[PDB]
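Some notes on the structure that comes next.
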Ligand SMILES: Nc1nc2c(ncn2[C@@H]2O[C@H]3COP(=O)(O)O[C@@H]3[C@H]2O)c(=O)[nH]1
Ligand SMILES: Nc1nc2c(ncn2[C@@H]2O[C@H]3COP(=O)(O)O[C@@H]3[C@H]2O)c(=O)[nH]1
Ligand SMILES: Nc1nc2c(ncn2[C@@H]2O[C@H]3COP(=O)(O)O[C@@H]3[C@H]2O)c(=O)[nH]1
Ligand SMILES: Nc1nc2c(ncn2[C@@H]2O[C@H]3COP(=O)(O)O[C@@H]3[C@H]2O)c(=O)[nH]1
């Protein structure tokens, strides 16, 4: 069947590409390991480009069904109301991180925020000699950069394979200003996290 | 023949996608019902991407032929003149809404305006305990947000399948300022509608 | 051979599209007449998407070869120097207008300027009861809108099939400010044309 | 195999295109010579569109492997640290210039900077009667326009085939402000180069 059969073929080209510039065995394995994870988690199907078919209301509906877990697992996302969920659901970008991979490095100027569906990460100091926290499902990170209007306060490494939902700075900012009650909670956590650290 | 035969195949992939993440029977039926409506109303043909072939004047001409109904059915669109019709016709985006679907929710920050070619909608209060109006062909909604410079003053639900023409905020604003006489009429309706409600 | 054989097939879809929404015989003939002109003038080949293959210097070189006529036919374009020609050549968009078609209508807010490679046009008053000029190869129009910072001062209709080169407002403005000597000439013509009219 | 077999076919269309508008023998040879160089240097493979498959961390990793030479050959790029390399690596665009081709012309308003992986160039005065320098691997040019906030101070011609890495003005500016120590060095070279010349 179709991309049963098309997703098996994009790795055929990518692997060929990896051999021709002779990519290190370690990196090649990472890439193959990523695509194996992609094919079994999402079936490597462009949820990007089949939702593109649908009109707003039907994409909204589908998105809220396939991505229902994260609203659920995150205490801040539930009790937020239907309003909030509809407003943010189409802006939560699913992203996969391999074990040991760096999501955020302390000192960077990014302000994207990440929500943990599946997996766990570690929050580290800049020299990586200190571990401040392990974070897992229902918890989020990357919020302090925008709220404290500062560079990344810490380094965040995936401890395992991670299903994360990335929320861009603009939407994050837009959402923060549109929901003060939720914004107050995130702001307080951020200060709580920085009068720690 | 061609997309007689290509439009039958994009539903083959989308349906497969719906089964793999196990989308609810109700949502799956909505999607299939939408595409059946798409295939019989537009023959599911990319009027998007065949007009893309043509130069401005020929796209202008084709658009004014295939989308002649809405200029006609809307009293404000006729007597407006050739000037106005040419200026707006390529900015009226055809959009389909299924019965019972929410086009607008009271309190949202959108300013898109919708023109009803075919079908009917209901204008509701925020708690949906009050029905202010049923709107059908020749009538429009979604204009009060920009004119009153406010969030959506009401909720608008499709009562049936609807062929709507969406006009984006920027073009709506551009059109309003470019035609004061038409703008005066819309402004007056908006105030009339808000000293009701 | 290839798009010998692909350009014959895009008209197969477009014609089918024209029959399904039953486009007027007159408009259908215009469209077919346009594509016949396209296939014999350019061989309907995407000079758009084969130049896309090439690096800047080679696209620059090819553009200056295939589009050498207009630099030549326009007195203002020659003696301008290599500097000027290189700076503008990749911004002159080839556009085709059928006989009798409206390129510009008096009162519109566009500021695109057009250069006549092949064909002739007529410059008309707003009510089209007055003909101010016939313009042909080496001559240009659509410059007065930006220079007089005004709406289109007149209506311009193609008298024949026309090969025009469209120069967008931003590039036109950028070019005007970058070459004062050429700008002075265009400015003077524009005032000369408006203390006529 | 695949684009072993697809890259042989894009030249089939481009060559056909070159014959139909009868491109000069000299330009046709340049284009064929470019694509022969493309097919043997990169195997004409879209490193553009296979990296597009990968998530950020894996594209970052691959980019730093395939494009490791330039960080190495350029004294300013080494000792800069991992921070700097990660920040810039995905912004260094590989570009190929044929022998004798003009990369930069004195007086132009561009501010793109170029890093020489392979090949050599010559830095010339505006009238091209003076040769200020030959530049090769590990050296860069095109930095003075932004730093002196001026038009191109000189003309730069490829003496041979060149593998260059282009860094756009915005990223160049962003990088300059983000790393003052490296910025100081480039600024000093630019002044040193202009109190020469
Ligand atoms: N759990 C926990 N997360 C922290 C702490 N300090 C910073 N972070 C998270 O990791 C930080 C990563 O850098 P940001 O400044 O992106 O904000 C993110 C915070 O969400 C801490 O003490 N505990
Ligand atoms: N017909 C009718 N439409 C209304 C009324 N109040 C609001 N609307 C329409 O529905 C509103 C939807 O929210 P907007 O503020 O988008 O402006 C839209 C108005 O076009 C009303 O009293 N009658
Ligand atoms: N040849 C000629 N062209 C004119 C005259 N008046 C306006 N135009 C051209 O036609 C005008 C079309 O509107 P613009 O204001 O685009 O500027 C264009 C001018 O180039 C005129 O008297 N003679
Ligand atoms: N090597 C050398 N490069 C120069 C000199 N003057 C200008 N350039 C380089 O060539 C210049 C090309 O124009 P820019 O102003 O792009 O800045 C570039 C400088 O990198 C010079 O005297 N020596």
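Chains as they are written, first to last, in UniProt numbering: chain A, 226 to 422; chain B, 226 to 422; chain C, 226 to 422; chain D, 226 to 422. From the three backbone atoms N, C-alpha and C, an ideal C-beta is built for every residue, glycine too.
Residue 296 of chain C, buried or exposed, once every other Cβ within 10 Å from all chains shown has been counted against 16
buried
So, with DSSP's three-state summary, where would you put residue 228 of chain A?
In this structure, residue 228 of chain A counts as coil in the three-state DSSP scheme.
Is the shortest distance between the beta-carbon of residue 337 of chain A and the beta-carbons of chain B less than 8 Å?
Residue 337 of chain A does not count as touching chain B.
How long is the line joining the alpha carbons of residue 407 of chain C and residue 364 of chain C, rounded to whole angstroms?
14 Å
How would you label residue 261 of chain B, buried or exposed, when you count the other beta carbons within 10 angstroms and need 16 or more for buried?
exposed
Tell me which residues of the region 281-307 of chain D have at least one Cβ-Cβ distance to chain C shorter than 9 Å, keeping chain order.
none
Which listed residue (D/314, D/308, D/300 and D/305) has its alpha carbon closest to that of residue 290 of chain D:
D/314
Which chain C residues sit within Cβ distance under 8 Å of residue 275 of chain B?
238, 239 and 242
Count the C-beta pairs between the region 400-416 of chain B and the region 231-243 of chain C that are closer than 8 Å, then say yes if the count reaches three, no if not.
no
Would you say the beta carbon of residue 363 of chain C comes nearer than 7 Å to a heavy atom of ligand 3?
no
Just grab the DSSP bridge partners of residue 320 of chain A for me.
A/389
Which of the three DSSP states is assigned to residue 415 of chain A in this structure?
Of the three classes helix, strand and coil, the one that applies to residue 415 of chain A here is helix, per DSSP.
Environment of residue 348 of chain C [buried if 16+ CB atoms lie within 10 Å]:
Buried, by the Cβ-count rule.
What are the residues in the region 252-263 of chain D lying within 7 Å of chain C by C-beta distance?
252, 255, 256 and 259
Residue 345 of chain C versus residue 298 of chain C: straight-line alpha-carbon distance, rounded
14 Å
Assuming residue 396 of chain A and residue 316 of chain A are in contact, meaning their beta carbons sit under 8 Å apart, how far apart are those beta carbons, in whole angstroms?
Here residue 396 of chain A really is in contact with residue 316 of chain A; their C-beta atoms are around 4 Å apart, less than 8 Å.
Would you say residue 270 of chain B reaches chain C, if we count a Cβ-Cβ gap shorter than 8 Å as a contact?
yes
Nearest residue (CA-CA) to residue 282 of chain A, options B/242, B/324 and B/266:
If we check each option's Cα against that of residue 282 of chain A, B/324 comes out closest.
Which residues in chain D sit within 8 Å of residue 409 of chain C, going by Cβ to Cβ distance?
Here the premise fails: no neighbours, minimum Cβ distance about 20 Å.
Where does residue 349 of chain A sit, in a helix, a strand or coil, going by DSSP?
Strand at residue 349 of chain A.
How long is the line joining the alpha carbons of residue 400 of chain A and residue 312 of chain A, rounded to whole angstroms?
8 Å
Any beta carbon from chain A within less than 8 Å of residue 235 of chain B's own beta carbon?
yes
Using the beta-carbon of each residue, which ones in chain B are nearer than 9 Å to residue 226 of chain A?
Per Cβ cutoff of 9 Å: 241.
Quick check: is the beta carbon of residue 321 of chain D nearer than 8 Å to any beta carbon in chain C?
yes
Please report the Cβ distance between residue 372 of chain A and residue 415 of chain A, rounded to the nearest whole angstrom; I am assuming they are in contact, meaning their Cβ atoms lie under 8 Å.
Indeed, because the Cβ distance is near 4 Å, the residues count as touching under 8 Å.
Residue burial classification, residue 227 of chain C (beta-carbon count within 10 angstroms, cutoff 16):
exposed
In chain order, what residues of the same chain have a beta carbon less than 8 Å from the beta carbon of residue 392 of chain A, not counting five sequence neighbours either side?
Taken in chain order, the residues that qualify are 313, 316, 317, 318, 337, 338, 339, 340 and 400.
For residue 401 of chain B, is the beta carbon positioned less than 7 Å from some heavy atom of ligand 2?
no
With 16 other CB atoms within 10 Å as the buried threshold, where does residue 413 of chain B fall?
exposed
Does the CB of residue 278 of chain C have a neighbour CB from chain D at under 8 Å?
Chain D contact via Cβ: present.
Are the C-beta atoms of residue 246 of chain D and some chain C residue less than 8 Å apart?
yes
Hey, is residue 270 of chain A close to ligand 4, as in C-beta under 7 Å from one of its heavy atoms?
no
Take the Cβ of residue 265 of chain C as the centre, count every other Cβ of all protein chains shown within 10 Å, and call the residue buried at 16 or more, exposed below.
Result: exposed.
Shortest alpha-carbon distance to residue 268 of chain B belongs to which of C/367, C/242 and C/335?
C/242
At the level of alpha carbons, what is the spacing between residue 424 of chain D and residue 402 of chain D?
Lying outside 226 to 422, the shown extent of chain D, residue 424 of chain D is not represented and no answer is given.
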